[PDB]
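Peer 1:
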Amino acid sequence: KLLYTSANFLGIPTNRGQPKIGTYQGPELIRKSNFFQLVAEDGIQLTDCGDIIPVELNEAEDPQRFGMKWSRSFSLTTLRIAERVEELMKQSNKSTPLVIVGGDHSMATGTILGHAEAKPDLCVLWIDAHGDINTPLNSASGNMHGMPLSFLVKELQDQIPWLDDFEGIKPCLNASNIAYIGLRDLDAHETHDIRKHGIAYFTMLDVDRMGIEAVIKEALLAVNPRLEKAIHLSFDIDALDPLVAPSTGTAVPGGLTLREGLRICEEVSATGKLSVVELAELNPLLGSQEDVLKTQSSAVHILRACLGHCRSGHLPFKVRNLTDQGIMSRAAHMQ
Amino acid sequence: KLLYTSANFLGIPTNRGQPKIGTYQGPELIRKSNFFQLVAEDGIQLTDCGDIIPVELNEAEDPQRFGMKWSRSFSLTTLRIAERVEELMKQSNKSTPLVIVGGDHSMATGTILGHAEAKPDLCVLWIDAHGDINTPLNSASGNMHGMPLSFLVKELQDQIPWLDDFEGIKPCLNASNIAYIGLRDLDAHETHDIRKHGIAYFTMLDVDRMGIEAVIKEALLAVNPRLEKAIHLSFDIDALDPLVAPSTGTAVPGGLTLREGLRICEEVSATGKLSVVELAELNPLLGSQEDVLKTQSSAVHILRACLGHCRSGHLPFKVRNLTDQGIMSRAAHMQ
Amino acid sequence: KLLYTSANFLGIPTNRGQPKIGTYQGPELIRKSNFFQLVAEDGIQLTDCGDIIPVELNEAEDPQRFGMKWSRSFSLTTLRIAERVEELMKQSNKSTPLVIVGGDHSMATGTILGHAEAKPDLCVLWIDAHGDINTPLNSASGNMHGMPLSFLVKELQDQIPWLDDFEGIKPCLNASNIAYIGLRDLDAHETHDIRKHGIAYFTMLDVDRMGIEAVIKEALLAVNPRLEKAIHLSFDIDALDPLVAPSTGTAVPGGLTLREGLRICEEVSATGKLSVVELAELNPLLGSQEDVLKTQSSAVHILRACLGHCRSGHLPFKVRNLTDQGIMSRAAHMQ
Ligand SMILES: CC(C)[C@H](N)C(=O)O
Ligand SMILES: CC(C)[C@H](N)C(=O)O
Ligand SMILES: CC(C)[C@H](N)C(=O)O
Ligand SMILES: [Mn+2]
Ligand SMILES: [Mn+2]
Ligand SMILES: [Mn+2]
Ligand SMILES: [Mn+2]
Ligand SMILES: [Mn+2]
Ligand SMILES: [Mn+2]
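Protein chains in written order, with the authors' numbering: chain A, 18 to 110, 120 to 361; chain A', 18 to 110, 120 to 361; chain A'', 18 to 110, 120 to 361. A prime marks a further copy of an entry chain.
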């Protein structure tokens, strides 16, 4: 009665992908929640596999290159992440999903790279207000958390500058393997690339016109039509409306409701093909104490849904009976 | 042009059903609002029938029994509530609905018991994030507000321990007479009992997939197919999302929007069969001053909807005319 | 690839239409936002045409007349607004929309009057929790922001008292030219007049039952069936739920989501017939600092949508290419 009876948990406290200090505290925000207890209460065995230590160079060792900020910290961190994810997913090769808590979204280049090494035919569902697919010369910000997909997409490689230290970051995704849900703040060059290469995408306008149910169905149809592929679910907390996830660095109004976020995760979970879910951009240093609690709570409900938690209830593992205790019931007494 | 031209109002400041002090202030939160004025402005005559005084024993007089906390305060309070509700509903036997403001949800055992004494064929619509149908030996918390339905459901009586002081609490509901809307935090044994006995239930997942309109229709179909039965609407404020009802003791994210809550109440009201509506779990001692105002406001809009308030407008009782005042209009002047 | 390549912007800091000081700061709230920058980034040339100076008489010069508060300030301000709007719209006679930021909603009598002078066959889409169509002797409050449409509707002129200084305020709208979306707090006499004269109206109950998509379609069908008419979009920020627009003087729970507000504006924009959009009732002196930021943000997203901003993305004006810079790509290197 469980699609997944065990799961692994990994923290990746990336913070060199964007300028606001605090994404490094994301994994701890989830560890100090009741997430682990609640997951155990649904009968799932969850193993805490610890944290990846990002590589964080100093400014002298890691100057701007092609406008990118902290690009060598990024390339080194990417390779370290990929090795660890690869090993975890191969020890796993009912499947055992890997739950990853970030950390800013730059971690995804590493997680997908390593995941693809174990499962090369995977698809990616990217849940985000943003495209995170800027190529370096088009990025206004130079922030690596806005570029992680570009390094992975084969079709985009003529717009990525060559760098010796990026050699091991091999493009492992075709444009046809990615689908977005939740977009509402694409940069113009992302829009161009997404349309040019036919990346499936469902923006908040699509959610409004189609409804989340049809959006989920169509996204799964686009990249995983017969549920043959492993799914890498990359969930940026900023996909959710700032009313329910305020503690994040690039909040955009008009986002997914928590319920819409839950539906995406419930449907993905129920495919039986959830292989990795990562949750990016939690920043417990942003907003009020209550803002952080709201954001933490949203994240926990989301990750629980990914692992198969049902809002319609779960049956007990053992049904309790009054008589076994030598207790007299009302029905018994009345007779 | 009014389905209900008069109504009764009753406070029940129960607070021994759960541990957080403050539910006893629920009725006053509504009395100090503009609810009464607004109800009068729609042409309804609302009579304040005062408060029920709960029985609150001391710890020595009311030790834990079968893990239940304050069970004798509960049984005594239940009987006191039922007598008062019964008398009010029989003086009432256009019908006159009774509006009850709590108070924690443990009051429902008493309100339904008394209501059923006046109208034995009634149905119950239970609007709640929670099932409130735990039987005592299955309750992790021992909190009576999580058990009120179990004592009333005939099918569950072999799982209720006999207690002499509970004898007058007679099961007056069949499983087939109850429908839930809004559920998102069932305990495993509740899930078991609800499914085993075929209690109609529409969780937030059902609301997401079906839409509130279909959920309301199907809930009414399940328990009141031809609108032959009186309706007992038991509305836990925690059914609403914490964004609109934060001041309540067991808040769960991902709840009904205020609009969805309004639709449930509007449709129930429009049946002409609303006999009792109770609103449970307001706690003005929880949250900020603004949190309390939001929660108060949500409650007022909800109760107004129950009594027949229309968001699409009400016609004036007397249409005013400019000439009656001896005033010259623009149209008159221009001629 | 742009329906509108230029636009005009006008502030109207009306504050004598209602009692709470602060609506006069509405235009500045938008000017100090990033609205202008974001509009330019989508390729639209936006010209700041400055502010209209409302006429604000003293109490001695402007006593109550027919219960109206500040009615002579209103009539004088109305004529001043209308002259300026008329001149702007005639210099404009791809069309050039006029974006107006208020200011309390009393400004609409002036904006529509002047707009109609340039485009007499226009239709009005009124997005508001309120009807703003009270005739003076029926207004409980005497606040002019609750009456602006009544002076304009030909069918209502036998209920408007004649005043010499209102002579230049000529009724320029038929009941058949107005459609409301968002209503949830009509006064009884407004309900009477709206139904009696067949004004198309879609309240929040209609939005709940029909969905915003059908509501927008039906509103446009009612007043602009073949998109032959110029559209005057009058958007009261209080149409939006107080959760996203708290800083406004008459907030009502259960409003449009930001997304629903965006859909209305996106569809209106896409007709190619958006001629004037005004945004009323911003009050930066109400609520917390965060409340004001939320309200500002909602307003900016709304006005951007009116001017044609697409949540699904915009293409770059020039597509950037790696080689033009003499940079070596990964694809190039690998070959
Ligand atoms: C990621 C987001 C904030 C933006 N597209 C960027 O690249 O910086
Ligand atoms: C009521 C709720 C909080 C829970 N099911 C309980 O029984 O305590
Ligand atoms: C505008 C609103 C607050 C109300 N209908 C009034 O006329 O004052
Ligand atoms: Mn993002
Ligand atoms: Mn992201
Ligand atoms: Mn509850
Ligand atoms: Mn309850
Ligand atoms: Mn309004
Ligand atoms: Mn208005």
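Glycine residues also receive a C-beta, built at the ideal position from the N, C-alpha and C atoms.
Which of the three DSSP states is assigned to A:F91 in this structure?
Peer 2: helix
Peer 1: Check whether the Cβ of A':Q315 lies closer than 8 Å to any Cβ atom in chain A.
Peer 2: no
Peer 1: Interface residues of chain A' around A:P342 at Cβ under 7 Å?
Peer 2: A214, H215 and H218
Peer 1: Would you give the residue range spanned by the alpha helix (DSSP H) that A:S323 belongs to?
Peer 2: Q315 to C332
Peer 1: Assign A'':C336 to one of three DSSP states: helix, strand, or coil.
Peer 2: In the three-state DSSP reduction, A'':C336 falls in the coil class, being neither helix nor strand.
Peer 1: Using DSSP with H/G/I as helix, E/B as strand and the rest coil, what is A:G208?
Peer 2: strand
Peer 1: Does the beta carbon of A'':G280 come closer than 8 Å to any beta carbon on chain A'?
Peer 2: yes
Peer 1: Thinking just about the alpha-carbon of each residue, which of A:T274, A:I257, A:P310 and A:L319 is nearest to the one in A:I290?
Peer 2: A:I257
Peer 1: Along chain A', in chain order, which residues have C-beta atoms closer than 8 Å to that of residue 113 of chain A?
Peer 2: Since the model of chain A passes from 110 to 120 in one step, residue 113 of chain A is not part of what is shown.
Peer 1: Am I right that A'':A142 and A'':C198 are in contact with their C-beta atoms under 8 Å? What's the rounded C-beta distance?
Peer 2: 4 Å
Peer 1: Can you grab the Cα-Cα spacing for the pair A:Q108 / A:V303, in whole Å?
Peer 2: 17 Å
Peer 1: Quick check on the burial criterion: 16 or more other C-beta atoms within 10 angstroms. Buried or exposed for A':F228?
Peer 2: buried
Peer 1: Cβ closer than 7 Å: which chain A' residues qualify as neighbours of A'':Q185?
Peer 2: Per Cβ cutoff of 7 Å: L348 and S355.
Peer 1: Contact defined as beta carbons within less than 8 Å: I believe A:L284 pairs with A:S324. What is the distance between those atoms, to the nearest angstrom?
Peer 2: 6 Å
Peer 1: So, under 8 Å CB-CB, A':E73 and A':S92 are touching, yes? Tell me the CB distance rounded to an integer number of Å.
Peer 2: Between A':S92 and A':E73 the Cβ distance is about 13 Å, and since that is not below 8 Å, they are no contact.
Peer 1: Would you say A':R210 reaches chain A, if we count a Cβ-Cβ gap shorter than 8 Å as a contact?
Peer 2: Judged by the 8 Å Cβ criterion, A':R210 is in contact with chain A.
Peer 1: Would A:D234 count as contacting chain A'' if we go by Cβ distances under 8 Å?
Peer 2: yes
Peer 1: Take every Cβ of the segment 206-215 of chain A'', pair it with every Cβ of the segment 270-282 of chain A'', and state whether three or more of those distances are shorter than 8 Å.
Peer 2: yes
Peer 1: For chain A, check one thing: does any of its Cβ atoms lie closer than 8 Å to the Cβ of A'':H335?
Peer 2: A'':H335 does not count as touching chain A.
Peer 1: Just the chain A'' side, please: which residues come within less than 8 Å of A':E244 by C-beta, in chain order?
Peer 2: The contacting residues do not exist; A':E244 stays about 16 Å from chain A'' at best.
Peer 1: Looking at the secondary structure, which residues open and close the alpha helix (DSSP H) in which A':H359 lies?
Peer 2: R356 to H359
Peer 1: Just list the residues that DSSP pairs A:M85 with in beta bridges.
Peer 2: A:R82
Peer 1: Mark A'':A77 as exposed unless 16 or more other C-beta atoms lie within 10 angstroms of its C-beta, in which case mark it buried.
Peer 2: exposed
Peer 1: Is the CB-CB distance between A:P36 and A:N169 below 8 Å?
Peer 2: yes
Peer 1: Can you pull every residue whose C-beta falls closer than 5 Å to some heavy atom of ligand 4, listed in chain order?
Peer 2: A:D154, A:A155, A:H156, A:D262 and A:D264
Peer 1: Let me check you understand the geometry: is the CB of A:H131 closer than 7 Å to at least one non-hydrogen atom of ligand 5?
Peer 2: Indeed, a heavy atom of ligand 5 lies less than 7 Å from the Cβ.
Peer 1: Should A':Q315 go down as buried or exposed, given a rule of 16 or more other Cβ atoms within 10 Å for buried?
Peer 2: Classification for A':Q315: exposed.
Peer 1: Please name the residue, chosen from A:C66, A:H340 and A:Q81, that lies closest to A:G28 on a Cα-to-Cα basis.
Peer 2: A:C66
Peer 1: Please list, following the chain, all residues that have a C-beta closer than 6 Å to any non-hydrogen atom of ligand 2.
Peer 2: A':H156, A':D158, A':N160, A':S165, A':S167, A':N169, A':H171, A':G172, A':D213 and A':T276
Peer 1: For my contact list, A:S132 and A:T274 are in at a C-beta cut-off of 8 Å; report their separation, rounded to the angstrom.
Peer 2: Between A:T274 and A:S132 the Cβ distance is about 14 Å, and since that is not below 8 Å, they are no contact.
Peer 1: Compare the Cα-Cα distances from A':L20 to each of A':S121, A':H215 and A':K86 and report the closest residue.
Peer 2: A':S121
Peer 1: Would you please state the rounded distance, in angstroms, between the beta carbons of A:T217 and A'':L341? I believe it to be under 8 Å.
Peer 2: That pair is a contact at about 6 Å.
Peer 1: Kindly list the residues whose CB is nearer than 6 Å to the CB of A':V127, restricted to its own chain and excluding five residues on each side of it in sequence; keep chain order.
Peer 2: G28, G43, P44, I47 and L305
Peer 1: Measuring only from the beta carbon, is A':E307 closer than 7 Å to any heavy atom that is part of ligand 7?
Peer 2: yes
Peer 1: A'':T137 by DSSP, collapsed to three states: which one?
Peer 2: helix
Peer 1: On the three-pair Cβ rule with 8 Å, is the segment 238-258 of chain A touching the segment 178-186 of chain A?
Peer 2: no
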